[PDB]
Each structure stands twice: as C-alpha cells, then as structure tokens.
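# This one's experimental. Sequence and coordinates below.
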Amino acid sequence: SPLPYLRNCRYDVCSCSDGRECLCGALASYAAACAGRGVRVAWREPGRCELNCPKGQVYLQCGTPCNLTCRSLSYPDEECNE
Amino acid sequence: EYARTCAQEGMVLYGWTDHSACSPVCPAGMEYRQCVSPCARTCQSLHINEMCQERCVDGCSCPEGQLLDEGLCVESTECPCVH
Amino acid sequence: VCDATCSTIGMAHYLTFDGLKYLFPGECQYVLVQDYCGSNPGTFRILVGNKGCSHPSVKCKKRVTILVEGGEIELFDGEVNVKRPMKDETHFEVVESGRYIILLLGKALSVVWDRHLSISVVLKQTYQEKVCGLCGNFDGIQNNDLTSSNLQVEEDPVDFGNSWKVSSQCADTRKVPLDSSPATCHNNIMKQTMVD
Amino acid sequence: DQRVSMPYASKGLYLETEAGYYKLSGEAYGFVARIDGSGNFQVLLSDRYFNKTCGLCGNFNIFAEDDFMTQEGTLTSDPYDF
Ligand SMILES: *[C@@H]1O[C@H](CO)[C@@H](O)[C@H](O)[C@H]1NC(C)=O
Ligand SMILES: [Ca+2]
Ligand SMILES: [Ca+2]
C-alpha cells in the first residue's frame, strides 16, 4: 500500500535541499519495495530521472549480475545464483 | 400477470406453468421457480440465516445444485476463490 | 490482559481490537464482529448496516443488529428494539446514561452506542482469538487483522471489507484513488486549510 | 448520462439482479421496481403513499373506479387522455 511512501515523498521533497534528487530517490524507494514482491514497475522517464550512467553502459530492468563483471571468469565454478 | 397479481394478494398458486405450455424467459441454466427464495446461495456468501428471511418472490433460479457465481450456475464443487 | 473495544470512528473508519485503524466506506450490511468463527461453536453475530454513507455525509444512517443467544436486538434512530427476546433474559440489561446507550449482553460481551454513529463492542479475555469480522481476531497481534473471510491476509482494506459483506449480491465498494482531500477539499485549498 | 456497472448502490437506491430479474429498491423512499426477462415492469409502492400517489398507475386508494385522474385533476374515461 503506497500511503507510507506518499507521506515519505512529500516530507522529503519539502524538507531537503535538492528536491529533484529527493523525489527521484523516494519514487525509487517505492519502486524497490514493489519489486520486492515480484511486481516490477517502469517509472523512469525523461521527466523522472532516468539514469544517465557512463558512456560505455546502458540501462536495463532485469539485469544478470551473474556475469556482469569479469572476476566471474576468473572464478567460474563460484556460484552466481542471484 | 394473473398469477403474479394473485400471488400479490397473498395466495400464491403453485405449479400453474406445468401444463400452461408457456413459460417465462430466463437466462440459460435457470428455471422459472414459482416462489423461489429471494435469498440466493452464491458461492462466496457467509452462511447467515435469520438475517435473510425476507418475503418469497416469484422468479427463476439455478437447479437444485449449481450455486450462483456472477449470474452463471456452476456446480458447488467449483466455487472459485477470490483474492 | 485487559479488555478490548472495537470502534466505528466517524462514518467510514474502523478501529479493530488490536489497535489498527483503517478506512472502508461501505454501503451494504457487514459483520462488525462475530463468534461463529472457524471451528468454534459460537454464540453471537453482531452486524452493522450502512445506509447512504459511502461518502461520509449528513444522512449516513447506521443500524446494528445483535443476534445473541437466540433473540435479536437492533438499534436504529436512537432507539433499541428487541425484535426477538434473548432466552437468558437475566443477562440482558440496556442501561442508558449520558448521551450513550450501554447494552450488557452477558458477561464478556457489551456494546456502547452514542445514539448517532459511534459504535463500540467491548469484550473481556474470554474470547481472546475467538472472534472475527471487520474487527480482526483480537489476539494481540495487529498485523494479521485484515484476514478476509477466505482466511487470507489482504493488503487493501476495501478487499478485506467486501469479504465480510453479508449479502453477496449487493455492490462492492470501489477502489477509490488515494488522495488526502477526498471530495470537496479536492481543489478547495481554502477549505482544506480551514478543516486542517 | 454515463453507463455504470451492476450492482449499484449510490444515494440510497440499491440496483441489483435478484432472482434473475433486475431490481431497483428504495426502501428509504418505500418503493421497489423490477424488470423481468421479457421486459415487463413491476412497481411495489409502499403504504405511506396511500391516496397520495398520482401517476400513470392511478392514485392508490382502495377504489378501482376513479383511477383515471388526469394531471389537471379531473377524472376522465378514455385511457389515452388520462
Ligand atoms: C383521499 O383524499 C381525498 C381528497 O382529500 C378524500 O376525498 C378521500 O375521502 C380520501 N380517501 C381516503 C380513503 O382517505
Ligand atoms: Ca489480530
Ligand atoms: Ca382509485
């Protein structure tokens, strides 16, 4: 139920110094809470802080941290259930 | 109409439609029961007697089994859960 | 372990036995609290019926019917009617005081009514996880109070409320959007600050 | 002006399918209307409206001979004028 997260977002936006970051970190907290129940939400847009991570990167939604880095190649037998 | 008004006068006449050869139209599955209980038996219903004892009214209901589920008679075994 | 009281705060808010407040604007008749719960024998089946109060307004009639040990009492328009009489009339005692009617329905079950809209059923430790309805099971644990009639916990009060609807052919309450200013404070910020 | 679902419960009117027939009850106002499958209408007015009702069903007085009162307040004998 998104009521507590609503109260949290209003408080964060009014009180903190930079309302942009606080809003985009409160929506993200709610989205993480929802995705902890199986429901993935696509809330990022050009008006809602879509992550601009470095040039050699790209934004995803259901990533695979099993093989993202390449220490995993150095330790292949190592479990990656994630 | 002659039945219904006669029913409203306090003496409901039973089984006049056996050989009338005309029957009221009703949704598929249900038959025109003369003096059916207004208190249905929907699958998701709390079993609260003595609180659903209104006056009987003529109308059509499911067969002897086949509890209601959103206006569609289904056998009592297949009552769907809701969440 | 002390006593415990439900409460129908206002016109669409409920306060369960374990101190959980929630919002459920019904229109039909619901099971406020009952003892015919699970494999228990059970004795009483208090019911509350709303009329014209999905939107809390100045019509908002309510009527409670108590089906305790046979005969059933009912409270309406600031009056108590004993439609059918309790078989152990030694227990029944409708004491009236102040602006309230206090009904003593036995030893552990009592009811307090303020003649208009506030209704509060009071239990002693006799029941202690033997009841259910719109007031939860009264077991000290506040998390599991929204167990619907299907013995499952619902995350939304309206679902858990419609689960207790007595007549399964009347209207389910709609999932109203979540906003602070319900109806008339919607765009009247002046009135919003006034009521605040 | 807008199509609504069914059952409906606003404003003290309860509109629901009972016994397969659409029903519109207003017991606060003391009336119950009903429509069956073929399209017949049926209105069950209360008793508080005795000698008070005034419509196409005639006034609700026990007499059955003066039931053609027009809106002008004058009894007629041709059903179409009434
Ligand atoms: C009904 O009201 C009319 C007009 O006032 C009166 O003439 C008549 O006697 C009344 N009938 C009954 C049954 O009260
Ligand atoms: Ca509980
Ligand atoms: Ca007449």
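Structure's in. What do you need? Residues are numbered from 1 along each chain as shown, chains lettered A, B, ... in the order given. Ligands and ions are numbered 1, 2, ... in the order given.
# going forward, measure contacts and count neighbours with C-alpha atoms only.
Will do.
# Leaving out sequence neighbours, find the closest residue to residue A:5.
residue A:30 (6.1 Å; CA to CA, 6 or more residues apart in numbering or on different chains).
# wait, is that neighbour part of a helix?
Yes - remark: residue A:30 belongs to a helix, assigned using DSSP: H, G, I helix; E, B strand; the rest coil.
# Please tell me how far it sits from residue A:44.
Counting by CA to CA, to the nearest Å, the gap between residue A:30 and residue A:44 amounts to 13 Å.
# Pick out whichever of these two has more residues nearby.
residue A:30 (19 against 13; other CA atoms under 10 Å in any protein chain shown).
# How much space separates the spatially most central residue of chain A from residue C:134?
Of all residues in chain A, the one closest to the mean position by CA atoms, centre = their mean is residue A:28, 5.7 Å from it. Distance of residue A:28 to residue C:134, computed by CA to CA: 34 Å.
# Residue C:196 too?
29 Å.
# what's stretch C:58-65 in contact with?
Applying CA atoms under 8 Å, 6 or more residues apart in numbering or on different chains, the contact partners of stretch C:58-65 are C:11, C:46-53, C:72-76, C:116-117.
# Pick out whichever of the residues you listed sits closest to residue C:156.
residue C:11 (18.5 Å; CA to CA).
# quick one: which of residue C:196 and residue C:134 has more around it?
residue C:134 (32 against 6).
# which residues does the more buried one contact?
Counting by CA under 8 Å, 6+ apart, residue C:134 touches C:14, C:16, C:30, C:31, C:32, C:33, C:160, C:161, C:164.
# my guess is the fourth one contacts residue C:136, does it?
So the one you mean is residue C:31. No - counting by CA atoms under 8 Å, residue C:31 does not reach residue C:136; the two are 10.8 Å apart.
# For those two, indicate the residue with more neighbours.
More crowded of residue C:31 and residue C:136, by other CA under 10 Å: residue C:136, with 29 against 23.
# ok, for that one, nearest residue in space, not its chain neighbours?
Per CA to CA, 6+ apart, closest to residue C:136 is residue C:145, 4.3 Å.
# How about stretch D:59-70 and ligand 3, any contact?
Yes - for a cut-off given as CA under 5 Å from the ion, stretch D:59-70 has contacts with ligand 3, namely D:61, D:63, D:64, D:66, D:67.
# Quick one: residues contacting the first one.
Put plainly, it is residue D:61. D:50, D:51.
# Which of the three states applies to it?
On the basis of three-state DSSP, residue D:61 is classed as coil.
# Next, find the distance separating it from residue B:10.
In terms of CA to CA, residue D:61 sits 19 Å off from residue B:10.
# and if you look at residue C:176?
45 Å.
# And residue C:127, by the same measure?
Taking CA to CA, one finds residue C:127 at 46 Å from residue B:10.
# what does residue C:158 give?
41 Å.
# Just want to know which of those two has more residues nearby.
residue C:158 (20 against 8).
# Residue numbers of chain C in contact with chain B?
C:150, C:154, C:159, C:164, C:165, C:166, C:167, C:168, C:169 (CA under 8 Å from any CA of the partner chain).
# how long is stretch C:76-86 end to end?
18 Å.
# ok now the helix or strand encompassing residue C:110, how far from the chain's centre?
Using DSSP states H and E, the element containing residue C:110 is strand C:109-113. Relative to its chain's centre, strand C:109-113 lies at 11 Å (CA atoms, centre = their mean, to the nearest Å).
# Dump that strand to PDB, restricted to CA.
Only the C-alpha atoms of strand C:109-113 are listed here, as PDB (Å, rounded to 0.1, in the frame of the first residue of the first chain):
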ATOM      1  CA  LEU C 109     -19.800  -9.000  25.700                       C
ATOM      2  CA  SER C 110     -21.000  -5.400  26.000                       C
ATOM      3  CA  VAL C 111     -22.000  -2.700  23.500                       C
ATOM      4  CA  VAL C 112     -21.700   1.100  23.800                       C
ATOM      5  CA  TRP C 113     -23.600   3.300  21.300                       C
END
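# and it, what other elements does it pack with?
strand C:100-105, strand C:119-123 (3 or more CA pairs under 8 Å, 6 or more residues apart in numbering or on different chains; DSSP states H and E).
# Please identify which of those strands is closest to ligand 2.
Smallest distance to ligand 2 across these (CA to the ion): 14.2 Å, for strand C:119-123.
# Name the residues of chain C found near chain A, please.
Chain C comes close to chain A at residues C:155, C:156, C:178, as judged by CA under 8 Å from any CA.
# Out of those residues, which sit inside strands?
Among these, no residue falls in strands (DSSP state E).
# Which ones among the contacts of residue C:134 lie within helices?
C:160, C:161 (DSSP state H).
# Which one of the contacts of residue C:134 is nearest to residue A:71?
residue C:160 (49.7 Å).
# which residue packs closest to the closest one, ignoring adjacent ones?
Using CA to CA, 6+ apart, the nearest residue to residue C:160 is residue C:148, at 4.8 Å.
# Kindly report the same for residue B:6.
Nearest to residue B:6 is residue B:12, by CA to CA, 6+ apart, at 6.3 Å.
# what's near enough to touch residue B:72?
residue B:29.
# Which positions in chain D make contact with chain C?
Counting by CA under 8 Å from any CA, the residues of chain D near chain C are D:6, D:7, D:8, D:9, D:10, D:11, D:12, D:14, D:16, D:17, D:18.
# hey, where'd the helices end up in chain C?
Using DSSP H, helices in chain C cover C:157-162, C:189-195.
# mind checking which of these is nearest residue C:102?
helix C:157-162 (26.3 Å).
# and that closest one, what other elements does it pack with?
By 3+ CA pairs under 8 Å, 6+ apart, helix C:157-162 packs against strand C:21-23.
# For the strand it packs on, give me every contacting residue.
C:12, C:13, C:14, C:15, C:157, C:158.
# didn't the fourth one look like it was pressed against residue C:24?
It stands for residue C:15. No - using CA under 8 Å, residue C:15 is not in contact with residue C:24, being 10.8 Å away.
# Next, the contact list for the residue most central in space within chain C, please.
Centroid-nearest residue in chain C, with CA atoms, centre = their mean: residue C:32, separated by 3.6 Å. By CA under 8 Å, 6+ apart, the residues touching residue C:32 are C:46, C:47, C:48, C:133, C:134, C:135.
# With residue A:50 instead?
Contacts of residue A:50 by CA under 8 Å, 6+ apart are residue A:44.
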